[PDB]
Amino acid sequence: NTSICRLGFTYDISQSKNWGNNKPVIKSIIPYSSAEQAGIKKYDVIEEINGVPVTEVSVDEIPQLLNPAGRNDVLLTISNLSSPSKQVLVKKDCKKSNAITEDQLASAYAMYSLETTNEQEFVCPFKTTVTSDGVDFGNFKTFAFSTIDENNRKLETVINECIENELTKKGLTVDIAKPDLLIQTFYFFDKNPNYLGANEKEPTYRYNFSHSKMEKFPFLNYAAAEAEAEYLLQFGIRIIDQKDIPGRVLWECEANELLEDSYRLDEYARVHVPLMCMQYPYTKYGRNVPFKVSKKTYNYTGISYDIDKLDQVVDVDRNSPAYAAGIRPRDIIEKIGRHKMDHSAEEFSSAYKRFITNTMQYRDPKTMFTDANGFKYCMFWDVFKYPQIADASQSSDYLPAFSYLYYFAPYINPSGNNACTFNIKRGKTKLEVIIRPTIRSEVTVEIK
């Protein structure tokens, strides 16, 4: 009955002295949102809301000002590394309070396709250090790389090409003549002397000059885990100021990795330069960076369902396959493919739980992982058991009406036809429409 609204981005009230201090800083953009389409990008700084500067208003009233009651389109004054000022009109993303979207259902029925829809977390051993001077990083618009060590030309060119792509994507530009910043990289790869050719918790002893004796200290002595590494890897990025206080290191990120086998620094840089630079210009973690990867792929039609009476269309997105097919709100879905829809939420929930139970045998334990929400037994399907999974997935006992969301996968829909049949009834008139869905694919890589 009441309509809920959202802005297509997540943000922080920045505590960083060098990037949009005590202002909203965008952390992530919601895919397929209006904020995305309007051109809002990660690490953007909200300077003003609807003409009022964010400094001239309390921190507690920023969420209300960003989601006004009467207004629908929020005018934003943005700053980033591309420009110091920019006007952006962000349209709101609204839905009915009782609407269940295909995005929500793709997440609820994710175990049909863990291969495409999951969340995972990881932590990187990055030490990120910035200048103690409260200089805004937005003052530096251009960069150049420091002189290449000819002994390592091949490697240094790969590293600098990775950093160049990351920084040009941020809105920074190369100027070899008079750069605002100089980029410097340092790296190391060699054997660990503390490796004993072997793979408990020890006490911490230190010398105390004040008492002229060795003493036990209540610190964790991790020195035994260090011995487990044969090799040591170091990789760092140094961003040196050339204009405000020349020679001052503005930002430095150093990765220190404990290695089991031999590893290539070029391969290491290719993977980690993009993860390391996610904290330039917005640094919030100094020692161990937490990341969250959320991936999702589903068949999109544009239909929203009633949270209570699920066989009822509550809305149809404006430029969607279901709209183009002629589906309209208040329609009643008789069936999707060969599966009836006149079931309760608990009928669907129980039937789904039965499917996961009865197909645990077709999962691959070599792929077992713990997802971001703490679930320990995530497994992909076994590649030699897809025909058996597809058959089990389509058993009427498991109420597979919503399995259409994953009809692009051969472990759900073996037939070479992603087009879904929707049998609707508006009043007493019964129609059958074939909806070829569009595939909504999305990956969000966010610093927690």
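One rule holds for the numbers: they count along the sequence shown, beginning at 1.
Could you bin the unmodelled part of the deposited chain lying between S262 and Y263 as none, 1 to 3, 4 to 9, or 10 or more? Gap size class: none, per the record.
Which is higher on average in the deposited entry, the C-alpha temperature factors of 278-286 or of 153-161? Per the deposited B-factors, the answer is 153-161.
Comparing average C-alpha B factors as deposited, tell me which of 324-332 and 230-238 sits higher. Higher mean C-alpha B-factor: 324-332.
What's the residue among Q394, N67, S28, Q388 with the greatest CA temperature factor in the PDB record? Of the options given, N67 has the highest CA B-factor in the PDB entry.
In terms of CA temperature factor as recorded, identify the highest of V273, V249, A345, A108. Checking the PDB record, the top C-alpha B-factor among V273, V249, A345, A108 is at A345.
Would you please rank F189 by its C-alpha temperature factor against the other modelled residues of its chain and give the third it falls in: lowest, middle or highest? Highest third of the chain for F189's C-alpha B-factor.
When the deposited Cα B-factors of this chain's modelled residues are ordered and cut into thirds, is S79 in the lowest, the middle or the highest one? Its C-alpha B-factor, which the entry lists for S79, ranks in the middle third among residues of this chain.
Quick check for you: using the entry's CA B-factors within this chain, is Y362 in the lowest, middle or highest third? Middle third.
Lowest, middle or highest third: where is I183 by C-alpha B factor in its chain? Ranked within chain, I183 CA B lands in the lowest tercile.
Tell me, lowest, middle or highest third: where does the Cα B factor of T429 rank within its chain? For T429, whose C-alpha B-factor we compare with every modelled residue in the chain, the answer is the highest third.
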